[PDB]
file model_8.cif (mmCIF, C-alpha atoms)
data_coords
loop_
_atom_site.label_atom_id
_atom_site.label_comp_id
_atom_site.auth_asym_id
_atom_site.auth_seq_id
_atom_site.Cartn_x
_atom_site.Cartn_y
_atom_site.Cartn_z
CA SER A 1 76.65 98.17 81.75
CA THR A 2 77.82 100.27 84.69
CA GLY A 3 78.98 99.81 88.26
CA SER A 4 79.06 102.09 91.30
CA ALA A 5 80.74 101.31 94.64
CA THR A 6 81.43 103.33 97.76
CA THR A 7 85.06 103.66 98.84
CA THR A 8 85.82 104.26 102.53
CA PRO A 9 88.96 105.55 104.29
CA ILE A 10 90.69 102.87 106.34
CA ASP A 11 91.51 105.26 109.19
CA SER A 12 91.09 108.82 110.43
CA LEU A 13 93.98 110.06 108.24
CA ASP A 14 92.74 108.73 104.88
CA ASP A 15 95.89 106.59 104.64
CA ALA A 16 94.10 104.46 102.03
CA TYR A 17 90.59 103.66 100.82
CA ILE A 18 88.82 100.27 100.67
CA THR A 19 86.03 99.27 98.30
CA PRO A 20 83.99 96.06 98.67
CA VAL A 21 84.45 93.55 95.84
CA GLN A 22 82.46 90.33 95.30
CA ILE A 23 84.61 87.37 94.22
CA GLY A 24 83.38 83.89 93.34
CA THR A 25 80.14 81.92 93.59
CA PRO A 26 78.60 82.25 96.12
CA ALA A 27 80.08 85.71 96.51
CA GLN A 28 82.98 86.26 98.89
CA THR A 29 83.20 89.97 99.68
CA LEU A 30 86.70 91.35 100.26
CA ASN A 31 87.62 94.99 100.84
CA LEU A 32 90.22 95.94 98.25
CA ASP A 33 92.47 98.95 97.75
CA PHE A 34 91.71 100.28 94.25
CA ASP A 35 95.10 101.31 92.88
CA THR A 36 95.43 103.29 89.63
CA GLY A 37 99.22 102.92 90.00
CA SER A 38 99.37 99.14 89.56
CA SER A 39 97.76 96.44 87.46
CA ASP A 40 97.30 93.29 89.59
CA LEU A 41 94.13 92.21 91.38
CA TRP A 42 95.51 90.20 94.30
CA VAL A 43 93.91 88.98 97.51
CA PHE A 44 94.68 87.47 100.85
CA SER A 45 93.56 83.87 100.53
CA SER A 46 93.36 80.40 102.02
CA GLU A 47 96.81 79.95 100.45
CA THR A 48 98.46 82.85 102.28
CA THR A 49 101.11 81.78 104.81
CA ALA A 50 99.15 81.65 108.05
CA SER A 51 101.65 83.70 110.07
CA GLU A 52 101.22 86.52 107.51
CA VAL A 53 97.44 86.83 107.96
CA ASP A 54 96.28 89.03 110.87
CA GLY A 55 92.59 89.90 110.62
CA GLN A 56 92.12 90.17 106.86
CA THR A 57 89.21 88.51 105.12
CA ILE A 58 90.48 85.76 102.83
CA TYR A 59 89.37 84.42 99.46
CA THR A 60 88.99 80.64 99.50
CA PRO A 61 88.90 79.46 95.86
CA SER A 62 87.92 75.91 96.86
CA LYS A 63 84.58 77.31 98.08
CA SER A 64 83.80 79.04 94.76
CA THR A 65 82.08 76.97 92.10
CA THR A 66 83.33 79.34 89.39
CA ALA A 67 87.00 79.41 90.44
CA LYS A 68 89.51 77.74 88.12
CA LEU A 69 93.26 77.49 88.69
CA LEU A 70 95.14 79.29 85.92
CA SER A 71 97.61 76.48 85.49
CA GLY A 72 101.27 77.44 85.70
CA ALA A 73 100.63 81.11 86.33
CA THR A 74 102.49 82.96 89.08
CA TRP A 75 102.78 86.58 90.11
CA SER A 76 105.13 88.68 92.19
CA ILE A 77 104.94 92.42 92.77
CA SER A 78 106.95 95.09 94.58
CA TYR A 79 105.47 98.50 95.28
CA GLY A 80 107.09 101.92 95.58
CA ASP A 81 106.86 101.80 99.38
CA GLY A 82 108.97 98.63 99.51
CA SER A 83 106.06 96.27 100.22
CA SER A 84 105.55 93.12 98.17
CA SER A 85 103.42 90.03 97.63
CA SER A 86 103.41 86.96 95.41
CA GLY A 87 101.46 83.80 94.67
CA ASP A 88 99.48 81.84 92.10
CA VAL A 89 96.41 82.68 90.02
CA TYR A 90 92.78 81.69 89.65
CA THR A 91 90.13 82.95 87.28
CA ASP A 92 86.76 83.71 88.83
CA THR A 93 83.76 86.00 88.63
CA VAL A 94 84.41 89.45 90.11
CA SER A 95 81.79 92.13 90.67
CA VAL A 96 82.24 95.75 91.71
CA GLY A 97 79.19 97.82 92.52
CA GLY A 98 76.90 95.74 90.30
CA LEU A 99 79.34 95.40 87.37
CA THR A 100 80.36 91.78 86.76
CA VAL A 101 83.40 90.39 84.93
CA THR A 102 83.64 86.66 84.33
CA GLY A 103 87.04 85.04 83.93
CA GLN A 104 88.92 87.74 85.85
CA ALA A 105 92.41 86.83 86.99
CA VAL A 106 92.34 86.77 90.79
CA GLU A 107 95.92 86.57 92.07
CA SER A 108 96.02 84.53 95.28
CA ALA A 109 98.75 85.55 97.71
CA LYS A 110 101.01 82.87 99.09
CA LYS A 111 103.32 85.48 100.66
CA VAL A 112 102.78 89.10 101.67
CA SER A 113 105.25 91.51 103.26
CA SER A 114 104.89 92.80 106.80
CA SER A 115 103.14 96.05 105.91
CA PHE A 116 100.26 94.10 104.35
CA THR A 117 100.01 91.72 107.31
CA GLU A 118 100.00 94.66 109.71
CA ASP A 119 97.06 96.35 107.96
CA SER A 120 94.02 94.27 108.89
CA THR A 121 91.65 96.55 106.92
CA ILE A 122 93.02 95.84 103.41
CA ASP A 123 92.20 92.39 101.99
CA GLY A 124 94.11 92.97 98.74
CA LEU A 125 94.53 95.33 95.82
CA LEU A 126 92.58 95.93 92.63
CA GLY A 127 94.89 97.43 90.02
CA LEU A 128 93.56 100.02 87.58
CA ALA A 129 96.73 101.07 85.72
CA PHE A 130 97.39 99.71 82.23
CA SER A 131 97.51 95.93 81.79
CA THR A 132 101.06 96.13 80.43
CA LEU A 133 102.18 96.39 84.09
CA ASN A 134 100.42 93.20 85.19
CA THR A 135 102.95 90.83 86.75
CA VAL A 136 101.39 87.43 85.95
CA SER A 137 103.81 85.07 84.23
CA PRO A 138 104.08 83.45 81.73
CA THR A 139 100.78 84.86 80.41
CA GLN A 140 100.14 88.45 81.41
CA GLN A 141 96.59 89.15 82.59
CA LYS A 142 94.15 92.02 82.10
CA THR A 143 92.87 94.38 84.77
CA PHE A 144 89.25 94.39 85.87
CA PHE A 145 88.70 97.64 83.94
CA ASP A 146 90.31 96.25 80.78
CA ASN A 147 88.10 93.15 80.97
CA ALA A 148 84.94 95.21 81.64
CA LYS A 149 85.63 97.97 79.11
CA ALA A 150 83.83 96.57 76.08
CA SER A 151 80.63 96.01 78.07
CA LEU A 152 80.59 99.44 79.73
CA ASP A 153 78.28 102.16 78.46
CA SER A 154 81.37 104.37 78.11
CA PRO A 155 84.99 103.14 78.48
CA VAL A 156 85.72 105.14 81.63
CA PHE A 157 85.94 104.90 85.38
CA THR A 158 85.89 107.77 87.88
CA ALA A 159 87.46 108.30 91.28
CA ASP A 160 85.67 110.57 93.75
CA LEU A 161 87.64 110.16 96.98
CA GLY A 162 86.41 111.79 100.17
CA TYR A 163 88.31 113.88 102.70
CA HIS A 164 87.78 112.09 106.01
CA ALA A 165 84.60 110.66 104.46
CA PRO A 166 83.45 107.96 102.02
CA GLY A 167 83.52 108.51 98.26
CA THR A 168 82.72 106.62 95.06
CA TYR A 169 84.28 104.64 92.24
CA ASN A 170 82.01 104.53 89.18
CA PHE A 171 82.53 102.38 86.08
CA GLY A 172 81.06 103.13 82.66
CA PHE A 173 79.46 106.53 83.28
CA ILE A 174 80.22 110.06 84.47
CA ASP A 175 77.92 111.24 87.28
CA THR A 176 77.30 114.86 86.29
CA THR A 177 75.91 115.56 89.79
CA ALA A 178 79.21 114.68 91.48
CA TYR A 179 81.28 117.71 90.46
CA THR A 180 81.00 121.46 89.97
CA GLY A 181 81.86 123.38 86.84
CA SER A 182 83.30 121.51 83.86
CA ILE A 183 85.74 118.61 83.55
CA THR A 184 89.10 119.57 82.02
CA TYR A 185 90.72 116.75 80.08
CA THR A 186 94.46 116.38 79.63
CA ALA A 187 96.68 114.05 77.63
CA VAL A 188 97.99 110.75 79.02
CA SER A 189 101.16 108.85 78.18
CA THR A 190 100.88 105.09 78.64
CA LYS A 191 104.57 104.50 77.90
CA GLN A 192 105.34 103.56 81.52
CA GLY A 193 102.02 101.78 82.09
CA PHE A 194 100.61 104.56 84.31
CA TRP A 195 97.98 107.28 84.02
CA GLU A 196 100.82 109.71 83.36
CA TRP A 197 100.04 113.34 82.58
CA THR A 198 101.60 116.81 82.78
CA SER A 199 100.33 119.39 85.23
CA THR A 200 100.66 123.00 84.04
CA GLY A 201 101.94 124.44 87.34
CA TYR A 202 101.15 125.23 90.94
CA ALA A 203 100.42 127.87 93.54
CA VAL A 204 100.98 127.93 97.31
CA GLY A 205 98.13 129.41 99.33
CA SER A 206 97.02 132.74 97.91
CA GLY A 207 100.28 133.14 95.98
CA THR A 208 100.68 133.65 92.28
CA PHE A 209 100.46 130.66 89.99
CA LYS A 210 103.78 129.40 88.65
CA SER A 211 103.49 128.02 85.12
CA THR A 212 105.75 124.99 84.83
CA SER A 213 105.29 121.49 83.46
CA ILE A 214 105.13 118.74 86.09
CA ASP A 215 104.96 115.22 84.67
CA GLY A 216 103.46 112.71 87.09
CA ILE A 217 101.00 109.89 87.63
CA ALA A 218 97.44 109.83 88.96
CA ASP A 219 97.79 107.15 91.65
CA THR A 220 94.89 106.32 93.96
CA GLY A 221 97.12 103.76 95.70
CA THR A 222 99.59 106.36 96.99
CA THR A 223 98.52 108.36 100.05
CA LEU A 224 100.50 111.58 99.59
CA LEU A 225 101.41 114.11 96.90
CA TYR A 226 105.03 113.69 95.74
CA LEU A 227 106.44 116.59 93.71
CA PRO A 228 109.85 118.03 92.73
CA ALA A 229 112.00 119.29 95.58
CA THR A 230 111.79 122.90 94.33
CA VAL A 231 107.97 122.86 94.50
CA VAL A 232 107.84 121.13 97.87
CA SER A 233 110.39 123.54 99.39
CA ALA A 234 108.32 126.50 98.16
CA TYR A 235 105.25 125.02 99.86
CA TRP A 236 106.81 124.28 103.24
CA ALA A 237 108.66 127.61 103.36
CA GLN A 238 105.20 129.12 103.95
CA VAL A 239 104.73 127.12 107.19
CA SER A 240 106.55 128.47 110.26
CA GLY A 241 108.75 125.78 111.77
CA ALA A 242 108.39 123.27 108.95
CA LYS A 243 111.51 121.34 108.05
CA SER A 244 112.66 118.25 106.23
CA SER A 245 113.65 115.55 108.73
CA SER A 246 115.93 112.76 107.57
CA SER A 247 115.13 110.80 110.73
CA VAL A 248 111.38 110.97 110.16
CA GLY A 249 111.62 110.59 106.38
CA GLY A 250 110.19 113.84 105.04
CA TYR A 251 108.80 117.24 105.82
CA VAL A 252 107.27 117.72 109.26
CA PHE A 253 105.61 120.79 110.70
CA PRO A 254 104.30 122.02 114.04
CA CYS A 255 100.93 120.48 114.77
CA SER A 256 99.82 123.96 115.93
CA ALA A 257 100.15 125.31 112.37
CA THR A 258 97.37 126.22 109.97
CA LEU A 259 98.51 124.92 106.57
CA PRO A 260 98.11 126.87 103.32
CA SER A 261 96.28 125.37 100.39
CA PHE A 262 98.10 124.02 97.35
CA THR A 263 96.82 124.51 93.80
CA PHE A 264 97.80 122.40 90.78
CA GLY A 265 97.10 123.16 87.12
CA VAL A 266 95.17 120.94 84.72
CA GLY A 267 95.46 122.75 81.42
CA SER A 268 94.04 126.21 82.04
CA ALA A 269 92.02 124.87 85.00
CA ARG A 270 93.04 124.76 88.66
CA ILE A 271 92.42 122.22 91.44
CA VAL A 272 92.75 123.58 94.98
CA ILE A 273 93.86 121.23 97.75
CA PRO A 274 92.73 122.77 101.09
CA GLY A 275 95.43 123.09 103.74
CA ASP A 276 93.70 120.62 106.04
CA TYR A 277 94.12 117.86 103.41
CA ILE A 278 97.90 118.21 103.83
CA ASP A 279 97.92 117.39 107.58
CA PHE A 280 98.79 113.74 108.31
CA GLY A 281 98.90 114.15 112.06
CA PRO A 282 101.49 113.47 114.74
CA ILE A 283 104.56 111.57 113.63
CA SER A 284 104.10 109.35 116.69
CA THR A 285 101.31 109.23 119.23
CA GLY A 286 101.30 112.38 121.35
CA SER A 287 103.94 114.22 119.36
CA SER A 288 103.54 117.89 118.48
CA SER A 289 105.42 117.31 115.21
CA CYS A 290 103.02 116.51 112.38
CA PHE A 291 103.73 114.78 109.07
CA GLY A 292 103.24 116.69 105.84
CA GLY A 293 101.03 115.51 102.99
CA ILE A 294 103.22 117.05 100.29
CA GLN A 295 106.65 115.42 100.03
CA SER A 296 109.57 115.42 97.65
CA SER A 297 109.68 112.94 94.78
CA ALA A 298 113.45 113.37 94.41
CA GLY A 299 114.14 109.83 95.67
CA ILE A 300 111.34 108.15 93.69
CA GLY A 301 112.05 108.88 90.03
CA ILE A 302 108.49 110.02 89.30
CA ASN A 303 106.07 112.62 90.58
CA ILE A 304 102.94 111.11 92.13
CA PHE A 305 99.51 112.77 92.33
CA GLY A 306 98.33 110.54 95.15
CA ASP A 307 95.20 110.68 97.30
CA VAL A 308 96.04 114.12 98.79
CA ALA A 309 95.68 115.60 95.32
CA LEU A 310 93.06 113.31 93.83
CA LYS A 311 90.60 113.68 96.74
CA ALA A 312 90.34 117.41 95.96
CA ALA A 313 88.88 116.53 92.54
CA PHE A 314 86.43 114.41 90.60
CA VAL A 315 88.79 112.42 88.38
CA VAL A 316 87.90 110.72 85.08
CA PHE A 317 90.09 107.87 83.90
CA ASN A 318 89.15 107.76 80.21
CA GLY A 319 90.12 104.42 78.67
CA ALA A 320 89.15 105.28 75.12
CA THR A 321 91.50 104.21 72.34
CA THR A 322 93.60 107.28 73.14
CA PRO A 323 93.33 107.49 76.94
CA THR A 324 92.98 110.83 78.73
CA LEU A 325 92.46 112.09 82.28
CA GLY A 326 89.77 114.53 83.35
CA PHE A 327 89.69 116.68 86.49
CA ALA A 328 86.84 118.73 87.92
CA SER A 329 86.40 120.61 91.16
CA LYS A 330 83.70 119.31 93.50
#

call {"tool": "encode", "arguments": {"input": "model_8.cif", "output": "structure tokens"}}
result
Amino acid sequence: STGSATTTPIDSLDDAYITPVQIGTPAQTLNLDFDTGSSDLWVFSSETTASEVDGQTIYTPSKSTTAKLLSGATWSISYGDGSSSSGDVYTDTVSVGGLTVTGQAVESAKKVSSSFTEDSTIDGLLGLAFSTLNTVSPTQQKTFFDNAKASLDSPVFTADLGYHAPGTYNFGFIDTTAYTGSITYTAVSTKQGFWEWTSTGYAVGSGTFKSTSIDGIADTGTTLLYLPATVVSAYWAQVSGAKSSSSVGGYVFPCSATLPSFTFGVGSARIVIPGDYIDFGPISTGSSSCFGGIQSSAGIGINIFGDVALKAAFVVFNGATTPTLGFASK
């Protein structure tokens, strides 16, 4: 089997991407944030505290003839941005782009933090990291990809995120028309539960490539590119007037600037992020200070190849027995 679904930016900045997902019988379609940095499929629901729902579409398990309470199971998750959610668990039929999994754990939110409530466009998350990170207790649950894997034509999914435009998540096949050149594959460590890999270096604009190992994660659920402070300083030093602002929470730059590109290494290959992808717009409405799309990871503990980086590539998440990542230009 295969599946193919369009993913759409939630706003004009590509702050996140939503993909429609069919849950239950008859289908209830919710727009979920596909997140290769976490491993829980959770949704706003008829169980979510009413004051914490503000425009999201909700899953109502009592209206699904295939929903079954997973008795005793609870979940609770905290994300790198400080947001969180928690609840109980149902199993139900879940379909993405024509690919159907029966018995998928659908984690129903009883509580969500303010950032989720305040984002009316995201009805939940669909985790695509390794199932060892799934938070369901006392019986850990498998991701949608893990459950689908055996049925797929090939044990892979691909992320093809657009810049200010829709893109595609495919399951079970590699669309050879969706990228240019060849796909370069690189080793993955699953020791932390992430799609963790080592970039071979970077360049800023037209500058020379610096060969240096940068360990980090491919994370579709993180907006920006978070890299070591040395690398990020070298980037922003090429932008007149750019500075790190403690009050804003990162590097800002004059909105009048033209940003240089940023290149990262995948083995001997190179992925070029155009300068425009690094512009996240005014820090507040009407400001002439703009927020940078490349930020330091120094306070995180891990480097994160988020959407800024991934949207410059066609990315293969290869879930074979020894997982690997593939990157192609497009």

call {"tool": "resolve_selection", "arguments": {"input": "model_8.cif", "expression": "the PyMOL selection byres ((chain A and resi 147) around 10)", "output": "PDB file with C-alpha atoms, in the coordinates of the input"}}
result
ATOM      1  CA  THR A 100      80.360  91.780  86.760  1.00  0.00           C
ATOM      2  CA  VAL A 101      83.400  90.390  84.930  1.00  0.00           C
ATOM      3  CA  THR A 102      83.640  86.660  84.330  1.00  0.00           C
ATOM      4  CA  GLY A 103      87.040  85.040  83.930  1.00  0.00           C
ATOM      5  CA  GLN A 104      88.920  87.740  85.850  1.00  0.00           C
ATOM      6  CA  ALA A 105      92.410  86.830  86.990  1.00  0.00           C
ATOM      7  CA  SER A 131      97.510  95.930  81.790  1.00  0.00           C
ATOM      8  CA  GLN A 141      96.590  89.150  82.590  1.00  0.00           C
ATOM      9  CA  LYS A 142      94.150  92.020  82.100  1.00  0.00           C
ATOM     10  CA  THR A 143      92.870  94.380  84.770  1.00  0.00           C
ATOM     11  CA  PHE A 144      89.250  94.390  85.870  1.00  0.00           C
ATOM     12  CA  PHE A 145      88.700  97.640  83.940  1.00  0.00           C
ATOM     13  CA  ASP A 146      90.310  96.250  80.780  1.00  0.00           C
ATOM     14  CA  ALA A 148      84.940  95.210  81.640  1.00  0.00           C
ATOM     15  CA  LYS A 149      85.630  97.970  79.110  1.00  0.00           C
ATOM     16  CA  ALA A 150      83.830  96.570  76.080  1.00  0.00           C
ATOM     17  CA  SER A 151      80.630  96.010  78.070  1.00  0.00           C
ATOM     18  CA  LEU A 152      80.590  99.440  79.730  1.00  0.00           C
TER      19      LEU A 152
END

call {"tool": "resolve_selection", "arguments": {"input": "model_8.cif", "expression": "the PyMOL selection byres ((chain A and resi 263) around 8)", "output": "list in words"}}
result
residues 202, 203, 204, 205, 261, 262, 264, 265, 270, 271, 272 and 273 of chain A

call {"tool": "residues_around", "arguments": {"input": "model_8.cif", "residues": "stretch 234-236 of chain A", "least_positions_apart": "3", "cutoff": "10 Å", "atoms": "only C-alpha atoms", "output": "JSON, numbers by chain"}}
result
{"A": [202, 203, 204, 205, 229, 230, 231, 239, 240, 241, 242, 243, 244, 251, 252, 253, 259, 260, 261, 262, 292, 294, 295]}

call {"tool": "resolve_selection", "arguments": {"input": "model_8.cif", "expression": "the PyMOL selection byres ((chain A and resi 268) around 12)", "output": "count of residues only"}}
result
20

call {"tool": "axis_aligned_box", "arguments": {"input": "model_8.cif", "around": "stretch 29-38 of chain A", "padding_each_side": "4 Å", "output": "lines of an AutoDock Vina configuration file"}}
result
center_x = 91.3
center_y = 96.6
center_z = 95.2
size_x = 24.2
size_y = 21.3
size_z = 19.3

call {"tool": "residues_around", "arguments": {"input": "model_8.cif", "residues": "stretch 41-50 of chain A", "least_positions_apart": "6", "cutoff": "9 Å", "atoms": "only C-alpha atoms", "output": "PDB file with C-alpha atoms, in the frame of the given file"}}
result
ATOM      1  CA  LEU A  30      86.700  91.350 100.260  1.00  0.00           C
ATOM      2  CA  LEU A  32      90.220  95.940  98.250  1.00  0.00           C
ATOM      3  CA  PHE A  34      91.710 100.280  94.250  1.00  0.00           C
ATOM      4  CA  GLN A  56      92.120  90.170 106.860  1.00  0.00           C
ATOM      5  CA  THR A  57      89.210  88.510 105.120  1.00  0.00           C
ATOM      6  CA  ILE A  58      90.480  85.760 102.830  1.00  0.00           C
ATOM      7  CA  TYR A  59      89.370  84.420  99.460  1.00  0.00           C
ATOM      8  CA  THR A  60      88.990  80.640  99.500  1.00  0.00           C
ATOM      9  CA  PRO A  61      88.900  79.460  95.860  1.00  0.00           C
ATOM     10  CA  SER A  62      87.920  75.910  96.860  1.00  0.00           C
ATOM     11  CA  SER A  85     103.420  90.030  97.630  1.00  0.00           C
ATOM     12  CA  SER A  86     103.410  86.960  95.410  1.00  0.00           C
ATOM     13  CA  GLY A  87     101.460  83.800  94.670  1.00  0.00           C
ATOM     14  CA  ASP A  88      99.480  81.840  92.100  1.00  0.00           C
ATOM     15  CA  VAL A  89      96.410  82.680  90.020  1.00  0.00           C
ATOM     16  CA  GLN A 104      88.920  87.740  85.850  1.00  0.00           C
ATOM     17  CA  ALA A 105      92.410  86.830  86.990  1.00  0.00           C
ATOM     18  CA  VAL A 106      92.340  86.770  90.790  1.00  0.00           C
ATOM     19  CA  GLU A 107      95.920  86.570  92.070  1.00  0.00           C
ATOM     20  CA  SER A 108      96.020  84.530  95.280  1.00  0.00           C
ATOM     21  CA  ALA A 109      98.750  85.550  97.710  1.00  0.00           C
ATOM     22  CA  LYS A 110     101.010  82.870  99.090  1.00  0.00           C
ATOM     23  CA  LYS A 111     103.320  85.480 100.660  1.00  0.00           C
ATOM     24  CA  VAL A 112     102.780  89.100 101.670  1.00  0.00           C
ATOM     25  CA  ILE A 122      93.020  95.840 103.410  1.00  0.00           C
ATOM     26  CA  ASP A 123      92.200  92.390 101.990  1.00  0.00           C
ATOM     27  CA  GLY A 124      94.110  92.970  98.740  1.00  0.00           C
ATOM     28  CA  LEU A 125      94.530  95.330  95.820  1.00  0.00           C
ATOM     29  CA  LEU A 126      92.580  95.930  92.630  1.00  0.00           C
ATOM     30  CA  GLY A 127      94.890  97.430  90.020  1.00  0.00           C
ATOM     31  CA  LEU A 128      93.560 100.020  87.580  1.00  0.00           C
ATOM     32  CA  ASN A 134     100.420  93.200  85.190  1.00  0.00           C
ATOM     33  CA  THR A 143      92.870  94.380  84.770  1.00  0.00           C
ATOM     34  CA  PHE A 144      89.250  94.390  85.870  1.00  0.00           C
TER      35      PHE A 144
END

call {"tool": "decode", "arguments": {"input": "model_8.cif", "residues": "stretch 183-202 of chain A", "atoms": "N, CA, C and O atoms", "output": "mmCIF file, in the first residue's frame"}}
result
data_model
loop_
_atom_site.group_PDB
_atom_site.id
_atom_site.type_symbol
_atom_site.label_atom_id
_atom_site.label_comp_id
_atom_site.auth_asym_id
_atom_site.auth_seq_id
_atom_site.Cartn_x
_atom_site.Cartn_y
_atom_site.Cartn_z
ATOM 1 N N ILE A 183 19.328 11.274 -4.607
ATOM 2 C CA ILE A 183 19.098 11.346 -3.166
ATOM 3 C C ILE A 183 20.368 10.848 -2.495
ATOM 4 O O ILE A 183 20.879 9.777 -2.837
ATOM 5 N N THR A 184 20.903 11.629 -1.557
ATOM 6 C CA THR A 184 22.059 11.211 -0.769
ATOM 7 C C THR A 184 21.579 10.738 0.589
ATOM 8 O O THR A 184 20.936 11.491 1.326
ATOM 9 N N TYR A 185 21.896 9.495 0.913
ATOM 10 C CA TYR A 185 21.499 8.895 2.173
ATOM 11 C C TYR A 185 22.622 8.999 3.195
ATOM 12 O O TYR A 185 23.813 8.964 2.859
ATOM 13 N N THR A 186 22.219 9.131 4.449
ATOM 14 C CA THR A 186 23.134 9.344 5.558
ATOM 15 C C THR A 186 22.631 8.573 6.777
ATOM 16 O O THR A 186 21.432 8.344 6.945
ATOM 17 N N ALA A 187 23.573 8.176 7.628
ATOM 18 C CA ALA A 187 23.254 7.303 8.744
ATOM 19 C C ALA A 187 22.419 8.010 9.812
ATOM 20 O O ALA A 187 22.525 9.226 10.036
ATOM 21 N N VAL A 188 21.596 7.223 10.498
ATOM 22 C CA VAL A 188 20.706 7.702 11.548
ATOM 23 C C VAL A 188 21.041 6.965 12.831
ATOM 24 O O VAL A 188 21.270 5.752 12.810
ATOM 25 N N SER A 189 21.082 7.697 13.942
ATOM 26 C CA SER A 189 21.068 7.105 15.268
ATOM 27 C C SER A 189 19.667 7.210 15.847
ATOM 28 O O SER A 189 19.086 8.296 15.872
ATOM 29 N N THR A 190 19.133 6.092 16.326
ATOM 30 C CA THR A 190 17.842 6.087 17.000
ATOM 31 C C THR A 190 17.972 6.119 18.523
ATOM 32 O O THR A 190 16.971 5.947 19.225
ATOM 33 N N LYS A 191 19.182 6.338 19.044
ATOM 34 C CA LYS A 191 19.423 6.188 20.474
ATOM 35 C C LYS A 191 18.603 7.162 21.312
ATOM 36 O O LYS A 191 18.265 6.854 22.458
ATOM 37 N N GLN A 192 18.274 8.336 20.779
ATOM 38 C CA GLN A 192 17.438 9.293 21.489
ATOM 39 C C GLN A 192 15.997 9.299 20.991
ATOM 40 O O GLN A 192 15.208 10.156 21.412
ATOM 41 N N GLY A 193 15.635 8.365 20.113
ATOM 42 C CA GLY A 193 14.288 8.284 19.588
ATOM 43 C C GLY A 193 13.996 9.180 18.406
ATOM 44 O O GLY A 193 12.859 9.177 17.930
ATOM 45 N N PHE A 194 14.979 9.928 17.914
ATOM 46 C CA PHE A 194 14.800 10.902 16.845
ATOM 47 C C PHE A 194 15.436 10.398 15.552
ATOM 48 O O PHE A 194 16.228 9.451 15.543
ATOM 49 N N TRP A 195 15.096 11.078 14.453
ATOM 50 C CA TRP A 195 15.799 10.929 13.185
ATOM 51 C C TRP A 195 17.063 11.781 13.274
ATOM 52 O O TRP A 195 17.149 12.905 12.763
ATOM 53 N N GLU A 196 18.052 11.241 13.983
ATOM 54 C CA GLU A 196 19.271 11.963 14.333
ATOM 55 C C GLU A 196 20.384 11.576 13.372
ATOM 56 O O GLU A 196 20.611 10.388 13.116
ATOM 57 N N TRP A 197 21.069 12.574 12.834
ATOM 58 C CA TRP A 197 22.047 12.362 11.780
ATOM 59 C C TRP A 197 23.154 13.389 11.968
ATOM 60 O O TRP A 197 23.079 14.241 12.854
ATOM 61 N N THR A 198 24.203 13.297 11.154
ATOM 62 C CA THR A 198 25.345 14.200 11.267
ATOM 63 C C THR A 198 25.584 14.893 9.935
ATOM 64 O O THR A 198 26.012 14.261 8.960
ATOM 65 N N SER A 199 25.314 16.190 9.893
ATOM 66 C CA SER A 199 25.665 16.983 8.727
ATOM 67 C C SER A 199 27.180 17.126 8.632
ATOM 68 O O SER A 199 27.886 17.125 9.641
ATOM 69 N N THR A 200 27.681 17.234 7.403
ATOM 70 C CA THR A 200 29.115 17.301 7.146
ATOM 71 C C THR A 200 29.671 18.727 7.090
ATOM 72 O O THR A 200 30.892 18.880 6.917
ATOM 73 N N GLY A 201 28.830 19.759 7.223
ATOM 74 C CA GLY A 201 29.342 21.113 7.346
ATOM 75 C C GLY A 201 28.363 22.128 6.789
ATOM 76 O O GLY A 201 27.187 21.833 6.581
ATOM 77 N N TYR A 202 28.875 23.332 6.543
ATOM 78 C CA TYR A 202 27.997 24.410 6.124
ATOM 79 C C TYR A 202 28.772 25.457 5.333
ATOM 80 O O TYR A 202 30.000 25.560 5.414
#
